[PDB]
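To keep things clear, I will list the structure first and then write my remarks on it.
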Amino acid sequence: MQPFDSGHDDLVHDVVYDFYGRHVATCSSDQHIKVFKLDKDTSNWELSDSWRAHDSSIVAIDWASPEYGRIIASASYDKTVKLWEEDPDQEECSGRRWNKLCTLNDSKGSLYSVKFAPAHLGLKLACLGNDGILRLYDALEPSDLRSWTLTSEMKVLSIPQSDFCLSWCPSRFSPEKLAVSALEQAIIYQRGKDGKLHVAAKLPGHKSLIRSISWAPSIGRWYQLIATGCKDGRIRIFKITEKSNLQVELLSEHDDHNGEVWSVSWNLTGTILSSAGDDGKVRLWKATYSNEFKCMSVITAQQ
Amino acid sequence: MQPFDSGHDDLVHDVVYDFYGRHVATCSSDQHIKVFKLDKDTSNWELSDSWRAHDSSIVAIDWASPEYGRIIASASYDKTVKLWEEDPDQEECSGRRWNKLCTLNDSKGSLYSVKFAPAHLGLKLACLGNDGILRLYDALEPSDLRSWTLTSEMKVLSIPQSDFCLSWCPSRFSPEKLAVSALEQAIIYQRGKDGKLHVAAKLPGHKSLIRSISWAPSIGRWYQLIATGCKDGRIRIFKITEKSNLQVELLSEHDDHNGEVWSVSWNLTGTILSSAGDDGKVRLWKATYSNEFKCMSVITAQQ
Amino acid sequence: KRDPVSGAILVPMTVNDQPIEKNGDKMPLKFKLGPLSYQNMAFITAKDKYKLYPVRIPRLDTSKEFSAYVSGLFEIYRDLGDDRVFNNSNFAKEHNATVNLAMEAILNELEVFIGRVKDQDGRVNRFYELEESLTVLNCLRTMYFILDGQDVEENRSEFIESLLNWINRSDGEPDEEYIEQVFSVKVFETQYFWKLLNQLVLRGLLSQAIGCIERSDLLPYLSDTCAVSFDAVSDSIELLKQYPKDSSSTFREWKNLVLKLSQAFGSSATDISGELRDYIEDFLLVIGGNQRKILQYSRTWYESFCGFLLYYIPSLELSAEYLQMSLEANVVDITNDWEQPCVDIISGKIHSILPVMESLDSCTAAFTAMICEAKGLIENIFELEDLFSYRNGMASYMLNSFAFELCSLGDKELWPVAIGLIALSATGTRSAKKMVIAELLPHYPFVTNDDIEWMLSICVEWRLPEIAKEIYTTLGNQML
Amino acid sequence: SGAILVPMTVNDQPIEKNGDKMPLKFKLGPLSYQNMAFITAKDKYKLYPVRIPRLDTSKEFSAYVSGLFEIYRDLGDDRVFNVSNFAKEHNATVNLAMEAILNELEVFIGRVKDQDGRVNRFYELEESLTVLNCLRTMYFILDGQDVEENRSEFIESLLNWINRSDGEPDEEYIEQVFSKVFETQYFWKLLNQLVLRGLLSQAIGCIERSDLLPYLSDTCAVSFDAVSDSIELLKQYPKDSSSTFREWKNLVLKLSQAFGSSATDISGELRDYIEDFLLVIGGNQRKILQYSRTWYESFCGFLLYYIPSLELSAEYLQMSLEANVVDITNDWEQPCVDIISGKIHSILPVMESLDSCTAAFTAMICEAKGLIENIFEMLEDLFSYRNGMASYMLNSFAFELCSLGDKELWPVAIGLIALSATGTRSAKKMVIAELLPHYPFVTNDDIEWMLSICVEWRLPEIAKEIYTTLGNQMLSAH
């Protein structure tokens, strides 16, 4: 496990995996998007392509389900979200191996996050920015991936040192819903019976900026689990059970990091949870028989 | 539980309980035998009678089963064993409340021990002295308690610091047999099929004078238990199982006393074992589920 | 007033008449165990040492309360008839029912004994040992004589009621003495209040809990300062007033309202202290069941345990996991003989509770094993001819032991209970029981004629006529 | 703070001690062995592929996993426990699957040894085996019976567990003890130690190396006989007949009683040394504990020489533990005290730590044997404390396997979920409906097995997706 050079000039914001974990998408403030592939025989990550995608810092990125094709979405501070699709009729590392499908620019504020909705809800995505407005976009007609409709708008923080996050609920066997974090707030939106979005619940306790929230795959259970990494040094794991209105519990709460917990991610099966922070360490957590989380291992970056 | 005065001038050798534990027989070198009774209402030991019984130190004493009447036997250094029977036609403390039934004087050496055999074997007794000769005597005709026959003679030792002990096997459901200690030796005698006594086994390990041996009541078990207090500071509990030829084991061995263990006695039910020694302490022992003995309590005569 | 080192209880012979001086020569101390437990004898074969020392076995019980307690437990024993052992398909369902009942019967007999020992003022030492026993049984009952291998869902009221009993009867705390140390001599803002409040909650002492709140900050600081939190703190008090003790369903609904309440408050107007703010969120989290917080305000492993069941998830499927979390938070206190035997219960290994109880009281221990064998929690595995060993069940052992022990107690009233236990012994040959009685009986402390009849009647019932030869051969020589 | 700690990189880590706390970010990947760490900061543009600590990608493992899965599905209905020969036969086929597992694990252990890679794994595995070796001896041989039912199988298994837990007494130490005469304590402690462990073969060997034929045969003739026909008794320690034992112990005790009271033409010390040797063989608890170095040597001896009855197992454990406490150094000693004492559930967590796999199947076989059982009581999917504890662990291990990236074990994965003793069929359907899209298909055969499961479980949409997928992907090649 030797590190490789991203090749970015400025700072790298996000790194995201494709469906099979054989590819990775990267975005930096150098206004470039890079895509790497894990060569099967060499087992070394190599550059598939890189290109100038935005006119400002490209903060968030994400892949769409293989089911719809090779599609990547990027959010930038230039108040825009762009959609790209791998055109295999172009050499790799040709700068033109990915084509812009379109540019959604309804946002009037820099964009902080962009996540694709679970494939089982169609080609749908959501983004959040400065304007504290959540926005859902749908490729209503997968026949033509260029036309995306603005499916929804919601004032997450109707009244604006800030951060924003998004994370849909993966489970195909559960009512469409996604989690949103704006500053210190963390609210959940659920698709109402009327087709619109509604604030179904809130994750309380955050004493400062929520740096990262990840909704865990619920393969095997009935309740939902969504973790958050706050600037106040705590990892929090919320248990959302719907009995209908959502019931919210605070399963675990960890401060092991002593400092901002910048990134929280989940396993493929939602069996393992990861946290990273100032302390320059990454901790992994599994759940016990009573559902409290224990830390199973700690990877350091220090020295 | 305040101590009472025996009333003896010289030194007290033995103290023995009647069948119900409501009476006690005492003998000293002051050549006197005393019998105390536990007054029911006062719960104070009071003198029933005292009288000059021998012409030398009366070392050992013992009561016969209530079944045959009020009978006490005494062994003395004047090479004699005497038998007494309470004559209730005489005032208590009249010196004439106990009558001599007879005087067995076959011994040619001072007598150290005298124990009555389990009532289920009839009115029988055994004594041991200097002449290293064991001797059994029988009141073959309980109709007349004066006639005692010499039932057996056995040379426990070859050639006449010296201590001797006796202790029959209580169990009515077990072949007549008794244990004898001479100096450092400890041998068991069993009634042969031929009516005579025979050396069935030996208790090995004693590194010096055996001060006391007591055969435990075996109510509830298939094996016999006989404890010994040696001058070498050890309490030893031997397990004798006959499969009849006797199989001998060494269950427990304790040195807690650090110094001569002078007296070892058993419970009525043979559930509790007692040891006393130089250290001026008395320890009580019960057996565990695995039959090793643990000390359950320690009484100290130490200031 | 007693102290062990060598695992043995060390004690003095006499208080102001001990014959041996540590400077003195080494002496020949001799001791003879008497036919009467309470009447033994120690003496010394040495010059100028002619006193006899009547000694009685350490911790012997001659009290009336005890012989009553023994008799009372013997009833419950012979009354279980065939249910004393463990073999319609309801035979299983009915067996358990009559046994879980005998268990309540025992607990009672013991609570009565305990109560009577409290009123007379002899050694506090016995009262203590007995109470510890009860606590251990109180745990045993809750964990095995209520749900019969089922889950708290089958019988919630009986379980929770029993659990709360065991907990608030182990240690006097939080004793009212301490509750008023938290009130005398700015404005109940230090943790002392909340640690005490959450402690009462964890112990199920809601009645008292609400009382503590309605003593300071509820109606004044809140109602005036912040109106948002006033509501939270008050309709939370309301939720406590109605904690579901009977319906497993009402609980779920209950916990939902509790969590709904904490979610609301959790994200709302904080017109109160930065500290007081948290103090109430922690209070609301404990009620909700947040394990993290339950452990936090727990002073002993058992308050953690009780709380997990009361607020988190009421399912003995997590009992093991609960115990572990609780023990990491606060280890087992070895001070009191009861805490460990309870950890052993809650964790399965029940046999290791017996030795301890045999130490507190030989009697209770014997019947506790008996009822455990009946319930099928412990069973013999073993594979001349007499049994008073590890051969028959462990329970058999202890009962026969206690039987034997009773024979030296000198109480004629308990001699039937003695012979009885040996008679009804779940295992052991009939001839084995014959031999044992053949030897124990000659020792019966007969006084009246009625006694001699009961005595002889047993020689009949067991075919020990030869034992009656001796009863007569004796009777003839007693008069004389 | 709680578990492990490992370098993100050995000679290339980005964060320097006592510097500026930075934004370290970490994303778990669809592949256990392929995750990623990075930093959002200036001049920090390297990506750090990280793999989950203690992950097993070895071939030996996927072989081990497959092998255990066989033993699993082969137990058919015997995988569960129903409440008169159905009982007797059930136990028989289960106690057999247990031996099957022990084997699969011993083989794995052996193969891991041949590859001088991280022997940290070899250690963890051996500990597991020891724990199982104890578990088997105590519950998968006598089935609630006593050592009298099957003496040879028991004693043979007991001696195995004991002389496989720790290498001692290692031959290295045996020859540290062989350099006036061997009337040393070190000799007897070693001799009695071999006796307590049942290593009589070796025991006799130690005697036949010094003092037997010379000092004895010459000095004292009385004790020569004792020491020699005692050696003879060892050569014939009854391992098959519970009856031959009783007779055996009788001769042993008869021998010690004879010597015990006889001619001492030898040292005052050497005298005792032999009586202690004779007492240990006889079963004197006092002495057994004495020459015992660990609680398990005391335990083994009590059973071997005192009384072979698991009715005293609890009493034995206690005596043994007072003599020598539990060594917390090795993760196995405690789980064994827990077995021997009843509480078996508390052995699982420990084993889940040594190896998640072995732990899962150990619970499975324990549920089968009826040693542990679920007590628990809208839409309800289970991968929780709801179904058995064993269920949990197996499904956990199943899920874990899906991120392992080994296509060979994906059937073992889906299999465990399928054959899960409990849990609704529709519950198992949903679970597979989500896990399957992630199968790492390579060949066509693979895609068929893949689709065949959509059929077997009625997953049409889950399959059309599988197709649509291979569709776009294939046309993208034009």
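Letters A, B, ... mark the chains of the structure tokens in the order given; residue numbers begin at 1 per chain; ligand numbers begin at 1, in order shown.
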With 7 Å as the cut-off and only C-alpha atoms counted, what is the closest atom pair between each nearby residue of chain D and chain A? Distances in Å to one decimal, ordered by chain and number, as CSV.
```
residue,atom,partner,partner_atom,distance
D:2,CA,A:295,CA,6.4
D:3,CA,A:297,CA,5.5
D:4,CA,A:297,CA,4.6
D:5,CA,A:298,CA,4.7
D:6,CA,A:299,CA,5.0
D:7,CA,A:300,CA,5.3
D:8,CA,A:301,CA,5.2
D:9,CA,A:2,CA,6.9
D:13,CA,A:301,CA,5.5
D:14,CA,A:301,CA,6.2
D:15,CA,A:302,CA,4.6
D:16,CA,A:303,CA,4.7
D:17,CA,A:303,CA,5.3
D:21,CA,A:278,CA,4.7
D:22,CA,A:278,CA,5.0
D:23,CA,A:278,CA,5.9
D:24,CA,A:277,CA,5.3
D:25,CA,A:263,CA,4.9
D:26,CA,A:276,CA,6.0
D:27,CA,A:265,CA,5.5
D:28,CA,A:267,CA,5.8
D:29,CA,A:21,CA,6.0
D:30,CA,A:21,CA,5.0
D:31,CA,A:21,CA,6.0
D:39,CA,A:12,CA,6.8
D:40,CA,A:12,CA,5.2
D:41,CA,A:11,CA,5.4
D:42,CA,A:11,CA,5.4
D:44,CA,A:11,CA,6.9
D:45,CA,A:6,CA,5.8
D:46,CA,A:5,CA,4.5
D:47,CA,A:4,CA,5.5
D:48,CA,A:3,CA,4.5
D:49,CA,A:1,CA,5.8
D:50,CA,A:1,CA,6.1
D:53,CA,A:297,CA,6.6
D:379,CA,A:222,CA,6.9
D:380,CA,A:222,CA,6.0
D:381,CA,A:221,CA,4.9
D:382,CA,A:221,CA,5.6
D:383,CA,A:220,CA,5.1
D:385,CA,A:289,CA,6.1
D:399,CA,A:269,CA,6.3
D:403,CA,A:268,CA,6.8
D:431,CA,A:220,CA,5.6
D:434,CA,A:219,CA,6.8
D:465,CA,A:67,CA,6.3
D:468,CA,A:67,CA,6.2
D:469,CA,A:67,CA,5.0
D:472,CA,A:69,CA,6.4
D:476,CA,A:88,CA,6.5
```
Practice problem: Can you pull out every residue within 12 Å of residue 375 of chain C, counting only C-alpha atoms, but drop anything in the same chain fewer than 4 positions away, and send it as an MDAnalysis selection string? | Solution: chainID C and resid 80 83:87 92:103 140:141 144:146 148:149 368:371 379 395
Practice problem: Fewer than 4 positions away in the same chain doesn't count, so skip those; otherwise give me all residues within 9 Å of residue 213 of chain A, counting only C-alpha atoms, as a ChimeraX atom specification. | Solution: /A:165-167,179-181,186,226-230,263-265
Quiz item: So which residues touch residue 72 of chain C within 9 Å, counting only C-alpha atoms, skipping near sequence neighbours fewer than 5 positions away, as a PyMOL selection string?
Solution: chain C and resi 67+77+106+109
Quiz item: Which residue gives the smallest distance to chain C among B:143, B:182, B:110, B:192, with only C-alpha atoms counted?
Solution: B:143
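Proximity ranking of C:259, C:44, C:20, C:377 relative to chain A places C:259 first, based on only C-alpha atoms.
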Practice problem: May I ask you to extract the residues of chain C within 12 Å of chain A, using only C-alpha atoms, and to give them as a PyMOL selection string? | Solution: chain C and resi 252-268+274+277-278+281-282+284-295+308-309+312-325
Practice problem: Calculate how many Å separate atom CA of residue 75 of chain A from atom CA of residue 99 of chain A, rounding to one decimal. | Solution: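 Taking atom CA of residue 75 of chain A and atom CA of residue 99 of chain A, their separation equals 15.7 Å.
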Exercise. Return as JSON, numbers by chain the residues belonging to chain C that are within 6 Å of chain D, counting only C-alpha atoms.
Key: {"C": [151, 317, 348, 349, 381, 382, 383]}
Self-check item: Nearby residues (only C-alpha atoms) at most 9 Å from residue 55 of chain B, same-chain spacing under 2 positions excluded, as a ChimeraX atom specification
Solution: /B:30-31,52-53,57-58,76-78
Exercise. Could you pull out the residues in segment 23-172 of chain B that DSSP calls strand (DSSP E) from the backbone, as a VMD selection string?
Key: chain B and resid 23 to 28 32 to 38 45 to 52 60 to 63 71 to 75 81 to 86 98 to 104 111 to 116 124 to 129 133 to 138 149 to 155 164 to 168
Self-check item: Selection near residue 446 of chain C, 12 Å with only C-alpha atoms, sequence-local residues under 6 positions removed, as number ranges by chain
Solution: B: 20; C: 410-416, 452-456, 471, 475
Keeping C-alpha atoms for every residue in the selection just given, could you write it to a file as a compact mmCIF listing (two decimals), in the first residue's frame?
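Saved file again_9.txt follows:
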```
# COMPACT_ATOMS: atom_id res chain seq x y z
CA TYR B 20 -25.57 -37.05 74.45
CA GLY C 410 -29.51 -30.61 69.68
CA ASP C 411 -32.95 -29.36 68.53
CA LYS C 412 -35.36 -32.33 68.68
CA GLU C 413 -37.91 -30.30 66.73
CA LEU C 414 -35.62 -30.33 63.71
CA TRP C 415 -34.72 -34.03 63.89
CA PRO C 416 -37.72 -34.89 61.72
CA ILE C 452 -39.91 -42.36 71.56
CA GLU C 453 -42.85 -43.38 69.39
CA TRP C 454 -41.85 -41.17 66.49
CA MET C 455 -38.41 -42.60 67.06
CA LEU C 456 -39.52 -46.24 66.95
CA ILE C 471 -33.88 -48.42 72.13
CA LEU C 475 -34.82 -47.77 78.10
```
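Across the model, the gap from atom CA of residue 333 of chain D to atom CA of residue 198 of chain D is 19.2 Å.
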Practice problem: List every residue of segment 97-184 of chain C that DSSP, applied to the backbone of this structure, assigns to helix (DSSP H, G or I), and report them as a PyMOL selection string. | Solution: chain C and resi 97-119+124-144+156-167+176-179
Quiz item: Do you know which residues are at most 9 Å from residue 212 of chain C counting only C-alpha atoms, after dropping those on the same chain fewer than 2 positions away, and could you put them as a PyMOL selection string?
Solution: chain C and resi 179+193+196-197+208-210+214-216
For the residues selected in the previous step, produce a file with N, CA, C and O atoms as a PDB file, in the first residue's frame.
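After the write, part.pdb holds the following:
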```pdb
ATOM      1  N   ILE C 179     -29.505  11.798  50.438  1.00  0.00           N
ATOM      2  CA  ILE C 179     -30.400  12.673  49.692  1.00  0.00           C
ATOM      3  C   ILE C 179     -30.479  14.045  50.357  1.00  0.00           C
ATOM      4  O   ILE C 179     -30.599  15.064  49.674  1.00  0.00           O
ATOM      5  N   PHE C 193     -26.457  16.916  41.954  1.00  0.00           N
ATOM      6  CA  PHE C 193     -27.899  16.802  41.795  1.00  0.00           C
ATOM      7  C   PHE C 193     -28.263  15.838  40.679  1.00  0.00           C
ATOM      8  O   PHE C 193     -29.021  14.896  40.892  1.00  0.00           O
ATOM      9  N   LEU C 196     -27.396  12.184  41.126  1.00  0.00           N
ATOM     10  CA  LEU C 196     -28.372  11.616  42.053  1.00  0.00           C
ATOM     11  C   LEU C 196     -29.715  11.399  41.351  1.00  0.00           C
ATOM     12  O   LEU C 196     -30.396  10.400  41.594  1.00  0.00           O
ATOM     13  N   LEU C 197     -30.092  12.343  40.492  1.00  0.00           N
ATOM     14  CA  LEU C 197     -31.351  12.253  39.759  1.00  0.00           C
ATOM     15  C   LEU C 197     -31.303  11.104  38.763  1.00  0.00           C
ATOM     16  O   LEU C 197     -32.224  10.294  38.700  1.00  0.00           O
ATOM     17  N   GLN C 208     -39.427   8.670  43.686  1.00  0.00           N
ATOM     18  CA  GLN C 208     -38.462   9.519  44.364  1.00  0.00           C
ATOM     19  C   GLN C 208     -37.832  10.528  43.414  1.00  0.00           C
ATOM     20  O   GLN C 208     -37.654  11.695  43.764  1.00  0.00           O
ATOM     21  N   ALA C 209     -37.482  10.064  42.218  1.00  0.00           N
ATOM     22  CA  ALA C 209     -36.856  10.909  41.200  1.00  0.00           C
ATOM     23  C   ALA C 209     -37.639  12.194  40.965  1.00  0.00           C
ATOM     24  O   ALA C 209     -37.085  13.294  41.067  1.00  0.00           O
ATOM     25  N   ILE C 210     -38.923  12.049  40.643  1.00  0.00           N
ATOM     26  CA  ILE C 210     -39.777  13.200  40.399  1.00  0.00           C
ATOM     27  C   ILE C 210     -39.763  14.083  41.636  1.00  0.00           C
ATOM     28  O   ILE C 210     -39.741  15.306  41.530  1.00  0.00           O
ATOM     29  N   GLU C 214     -39.103  18.243  41.871  1.00  0.00           N
ATOM     30  CA  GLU C 214     -40.104  19.090  42.520  1.00  0.00           C
ATOM     31  C   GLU C 214     -39.583  19.503  43.885  1.00  0.00           C
ATOM     32  O   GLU C 214     -40.261  19.318  44.893  1.00  0.00           O
ATOM     33  N   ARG C 215     -38.373  20.032  43.938  1.00  0.00           N
ATOM     34  CA  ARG C 215     -37.843  20.463  45.209  1.00  0.00           C
ATOM     35  C   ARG C 215     -36.998  21.694  44.958  1.00  0.00           C
ATOM     36  O   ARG C 215     -36.707  22.448  45.882  1.00  0.00           O
ATOM     37  N   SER C 216     -36.640  21.921  43.695  1.00  0.00           N
ATOM     38  CA  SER C 216     -35.821  23.075  43.370  1.00  0.00           C
ATOM     39  C   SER C 216     -36.124  23.836  42.077  1.00  0.00           C
ATOM     40  O   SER C 216     -37.071  24.626  42.006  1.00  0.00           O
TER      41      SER C 216
END
```
Practice problem: Quick one: pull the distance between atom CA of residue 353 of chain C and atom CA of residue 225 of chain B, Å, one decimal. | Solution: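 Taking atom CA of residue 353 of chain C as the start and atom CA of residue 225 of chain B as the end point, the length is 28.5 Å.
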